[PDB]
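J.: Each position in the sequence shown, counted from 1, maps to that position plus 353 in the numbering used here.
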Amino acid sequence: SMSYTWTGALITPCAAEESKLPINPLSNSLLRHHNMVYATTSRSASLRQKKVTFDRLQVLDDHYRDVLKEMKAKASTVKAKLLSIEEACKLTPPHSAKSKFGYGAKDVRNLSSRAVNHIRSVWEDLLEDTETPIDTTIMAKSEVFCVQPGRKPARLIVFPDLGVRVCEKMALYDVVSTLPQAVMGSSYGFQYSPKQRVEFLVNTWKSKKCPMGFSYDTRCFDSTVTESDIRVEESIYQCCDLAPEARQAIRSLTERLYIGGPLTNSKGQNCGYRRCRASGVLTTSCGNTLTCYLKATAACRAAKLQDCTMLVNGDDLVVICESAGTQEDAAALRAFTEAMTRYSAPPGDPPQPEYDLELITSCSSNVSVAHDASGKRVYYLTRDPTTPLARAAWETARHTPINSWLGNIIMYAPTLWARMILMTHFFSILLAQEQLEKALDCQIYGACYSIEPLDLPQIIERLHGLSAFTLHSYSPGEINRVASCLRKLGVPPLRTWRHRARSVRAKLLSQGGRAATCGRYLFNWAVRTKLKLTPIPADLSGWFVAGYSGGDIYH
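Written out as structure tokens, the structure is:
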């Protein structure tokens, strides 16, 4: 079937839409080629629509069915509870989009009588009505990038009203937080902290006689997902032990929301109909992860690849296996791609087999190595820092709701760029406005978190260990990528950052505790006299459990 159908009516914005990085003394200190940085807008919506709208070919076989049953067997071990209204309400972000029926996120979070009663209605409606399609809104995402030597069109997000999103959580939060791990086991990506992810990739790599590995980029995954795929995904959820009201909710949400529905623009006009994954519902991450894992797992058998270990994060996929010789590896990977095409998951760019772990890009990241205080090799996780930096400039010049910089500091703390540029730049600013204490919103695996910068030393210690404060002797491939990037974007070269860092470090020391602890630990790479570095005195229990991208989750 057609992934989408369009009435012709436009995909509209609901506010002013900003697209150019402004000239600001704060952002210009970080990066100077301001005309290279842009945000996507709805002005580019039609270009995306063209890309996402197509006919899907899908043909299932024995291998598909075989893996599906294996997955269903493990799903049967799961007991899942209903959240109460209170729990589901406490999971709603404070800046989540308001309802059409006269209540917002603040009301939901307070359990105001109005929100609560509409939530009860929507739920009872899900128990009573098993067919009527449920309305969605469609909007062009605002995202920041650097120009390519050639712009990206905005992404399209699609989501139901707030009353439904609370009901999704009641019915499905426990499932989408526990079912993926029981089914995929060590292949479920979102269980791993960055240090744990690198551990798993290195251990898996070093466990093979002759490793070969590849990433596989599916072309616009959400549009490849068929109605069949979403019913199959429901067949997995239904293997859980569920309360009756849960089971019916899941059934109605599947037929009325997840498989498709009408699309409405911001002006209340009808844009079209959807027959694929919606980016903006609770089950997208779980569902995409399961679906990716299922097709890829079956395609591996079809391709005859040997001793496969896969690692899956929604629609991001990486596979490590036993080489069969370079040319036999190439023909097997091509068989794999073709199997996936049949399962309705064709490639964006053809995958290439790799024989050096550092050359594989999964979740926009790659493994690299450095050395700690005592000279031991420490494997860490990094990426091309262009987008982080472009966004960091943008978030310095403009107030955004989510601060990608802070999320990038946490995730990439041990990296060369995050340490010398991000920490330096942002801590210098927070000092100068006396806002070190103030908590800021960031995203980790799609969930929203309110973190305060003064907690970054211990957060980084837990997530990465003391070494993220003492790494040195980075590889030249990595130093070269960073240095080039900076020249391209007009970011000052690293020696400038070193000097700015020393000035910032000295200022944090002459402050107090905590602040000085930032100075001591975060900026020990800058100072002349190297320092002690003992563990730091000071709940991270729910941080790397599951993915929630598009799922409207706050913790």
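Here a beta-carbon is modelled for each residue, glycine too, at the ideal position from N, C-alpha and C.
Does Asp478 come out as helix, strand or coil in the three-state DSSP assignment?
T.: By one-based count along the sequence shown, residue 478 stands at place 125. Three-state DSSP puts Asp478 in a helix.
J.: Identify which residue in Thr607, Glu580, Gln534, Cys629 has its Cα closest to the Cα of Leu616.
T.: Counted from its first residue, the sequence shown places residue 616 at position 263. Closest option to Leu616, Cα to Cα, is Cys629.
J.: With DSSP as the reference, please indicate the residues paired to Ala688 in a beta bridge.
T.: Mapped onto the sequence shown, residue 688 falls at position 335. Bridge partners of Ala688: none, in fact.
J.: In the structure shown, what three-state DSSP assignment does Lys494 receive?
T.: If you number the sequence shown from 1, residue 494 lands on position 141. Three-state result, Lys494: coil.
J.: Please say whether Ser697 and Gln402 have beta carbons closer to each other than 7 Å?
T.: Taking the sequence shown and counting its residues from 1, one reaches residue 402 at position 49. Taking the sequence shown and counting its residues from 1, one reaches residue 697 at position 344. Cβ distance not < 7 Å, so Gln402 and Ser697 don't count as in contact.
J.: Any idea if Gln544 is buried or exposed, counting beta-carbon neighbours within 10 angstroms, 16 or more meaning buried?
T.: Position 191 of the sequence shown, counted from the first residue, corresponds to residue 544. The residue in question, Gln544, is buried, as its Cβ has 16 or more Cβ neighbours within 10 Å.
J.: So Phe407 packs on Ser576, CB below 8 Å; how close in whole Å?
T.: By 1-based counting over the sequence shown, the position of residue 407 is 54. By 1-based counting over the sequence shown, the position of residue 576 is 223. Their Cβ separation, rounded to whole angstroms, is 7 Å, which keeps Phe407 and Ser576 in contact under 8 Å.
J.: Taking the CB atoms as reference points, tell me whether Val722 and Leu710 lie closer together than 7 Å.
T.: Here residue 722 is taken as the residue at index 369 of the sequence shown, counted from 1. Here residue 710 is taken as the residue at index 357 of the sequence shown, counted from 1. No, these two residues do not count as a Cβ contact at 7 Å.
J.: Could you check where the alpha helix (DSSP H) with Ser588 kicks off and where it finishes?
T.: Taking the first residue of the sequence shown as position 1, residue 588 is located at position 235. Counting along the chain, the alpha helix (DSSP H) containing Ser588 begins and ends at 580 to 590.
J.: Whose C-alpha, out of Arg504, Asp414, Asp419, is nearest the C-alpha of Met389?
T.: On the sequence shown, position 36 is the one that residue 389 refers to. Checked all of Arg504, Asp414, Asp419; the closest Cα to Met389 is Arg504.
J.: Can you name, in chain order, every residue of its own chain whose Cβ lies under 6 Å from the Cβ of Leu893, other than the five neighbours on each side?
T.: Counted from its first residue, the sequence shown places residue 893 at position 540. Closer than 6 Å at Cβ, skipping near neighbours: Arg815.
J.: Could you work out which residue in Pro446, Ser530, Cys367, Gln501 is closest to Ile491 when comparing CA atoms only?
T.: For the purposes of this step, residue 491 is taken as the residue at position 138 of the sequence shown. Measuring from the Cα of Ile491, the nearest candidate turns out to be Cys367.
J.: Which residue marks the beginning of the beta strand (DSSP E) containing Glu440, and which one marks its end?
T.: As a first step, residue 440 must be located in the sequence shown, where it is residue number 87. That residue, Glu440, is in no beta strand (DSSP E); its alpha helix (DSSP H) goes 438 to 443.
J.: Could I get the ranges of all uninterrupted alpha helix (DSSP H) runs contained in the stretch 418 to 467, with 4 residues as the minimum, in chain order?
T.: If we require 4 residues or more, the alpha helix (DSSP H) runs fully inside the stretch 418 to 467 come out as 438 to 443, 458 to 463.
J.: Looking at the secondary structure, which residues open and close the beta strand (DSSP E) in which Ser568 lies?
T.: Your numbering for residue 568 matches position 215 in the sequence shown. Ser568 -> beta strand (DSSP E) spans 564 to 568.
J.: Going straight from the alpha carbon of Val672 to that of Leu400, what length do you get?
T.: The residue you call residue 672 lines up with position 319 of the sequence shown. The residue you call residue 400 lines up with position 47 of the sequence shown. Straight-line Cα distance between these residues: approximately 32 Å.
J.: Find the nearest neighbour of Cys716 within the set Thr650, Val551, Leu480, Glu521, judged by alpha-carbon distance.
T.: To locate residue 716, count along the sequence shown from 1; it is residue 363. Among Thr650, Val551, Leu480, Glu521, the Cα nearest to that of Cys716 is on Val551.
J.: Give me the Cβ distance between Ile804 and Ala785, rounded to the nearest whole Å; I'm assuming they're in contact under 8 Å.
T.: Walking along the sequence shown from the start, residue 804 turns up at place 451. Walking along the sequence shown from the start, residue 785 turns up at place 432. The pair is not a contact, with the Cβ atoms about 20 Å apart (cut-off 8 Å).
J.: Taking only runs that begin and end inside the stretch 498 to 582, name each unbroken beta strand (DSSP E) of 3 or more residues, in chain order.
T.: The qualifying runs are 509 to 513, 564 to 568.
J.: Let me check one thing: in DSSP terms, what residues is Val665 bridge-paired to?
T.: Here the question's residue 665 lines up with position 312 in the sequence shown. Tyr541, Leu670, per the DSSP bridge assignment.
J.: Using the Cβ count rule (16 or more neighbours within 10 Å means buried), how would you classify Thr882?
T.: As a working mapping, residue 882 is identified with position 529 in the sequence shown. Exposed, because fewer than 16 other Cβ atoms sit within 10 Å of the Cβ of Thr882.
J.: Taking the alpha helix (DSSP H) that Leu606 belongs to, which residues open and close that run?
T.: Taking the sequence shown and counting its residues from 1, one reaches residue 606 at position 253. Start and end: 597 to 606.
J.: Less than 6 Å between C-beta atoms, sequence neighbours within five positions excluded: which residues of the same chain meet that for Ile510?
T.: For this step, residue 510 is matched to residue 157 along the sequence shown. Counting only Cβ-Cβ distances below 6 Å, and skipping sequence neighbours, we find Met492, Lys494, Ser632, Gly633.
J.: Just confirm the distance between the C-beta atoms of residue 909 and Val519, as a whole number of angstroms; I'd bet it's less than 8 Å.
T.: The chain is shown from 354 up to 908; residue 909 falls before or after that span and cannot be answered.
J.: In this structure, how does DSSP classify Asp808 when only helix, strand and coil are distinguished?
T.: By 1-based counting over the sequence shown, the position of residue 808 is 455. It is helical.
J.: Nearest by alpha-carbon distance to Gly566: which of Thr679, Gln788, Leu480, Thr637 is it?
T.: By one-based count along the sequence shown, residue 566 stands at place 213. Among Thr679, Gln788, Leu480, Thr637, the Cα nearest to that of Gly566 belongs to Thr679.
J.: DSSP beta-bridge partners for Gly904?
T.: Mapped onto the sequence shown, residue 904 falls at position 551. Bridge partners of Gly904: none, in fact.
J.: What is the DSSP secondary structure of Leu374, reduced to helix, strand or coil?
T.: Locating residue 374 in the sequence shown gives position 21, counting from the first residue. Correct three-state label for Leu374: coil.
J.: For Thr749, count the other beta carbons within 10 Å of its own beta carbon; 16 or more makes it buried, fewer makes it exposed. Which is it?
T.: Your numbering for residue 749 matches position 396 in the sequence shown. Per the 10 Å Cβ criterion, buried.
J.: Under the rule that 16 or more other beta-carbon atoms within 10 Å means buried, what is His825, buried or exposed?
T.: On the sequence shown, residue 825 is found 472 positions in, with the first residue counted as 1. Exposed, since its Cβ has fewer than 16 Cβ neighbours within 10 Å.
J.: Below 8 Å on the Cβ atoms is my contact criterion, and I expect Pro699 with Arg572 to pass it. Report the Cβ-Cβ distance as a whole number of Å.
T.: Start at 1 with the first residue of the sequence shown, and residue 699 comes out as number 346. Start at 1 with the first residue of the sequence shown, and residue 572 comes out as number 219. Yes, they are in contact, since the Cβ atoms of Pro699 and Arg572 sit about 6 Å apart, within 8 Å.
J.: With respect to the beta strand (DSSP E) encompassing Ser721, which residues constitute its N-terminal and C-terminal limits?
T.: On the sequence shown, position 368 is the one that residue 721 refers to. Where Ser721 is concerned, the enclosing beta strand (DSSP E) stretches over 719 to 724.
J.: Select from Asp488, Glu439, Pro447, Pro486 the residue whose C-alpha is nearest the C-alpha of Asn470.
T.: By 1-based counting over the sequence shown, the position of residue 470 is 117. The shortest Cα separation from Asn470 among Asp488, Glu439, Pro447, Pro486 belongs to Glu439.
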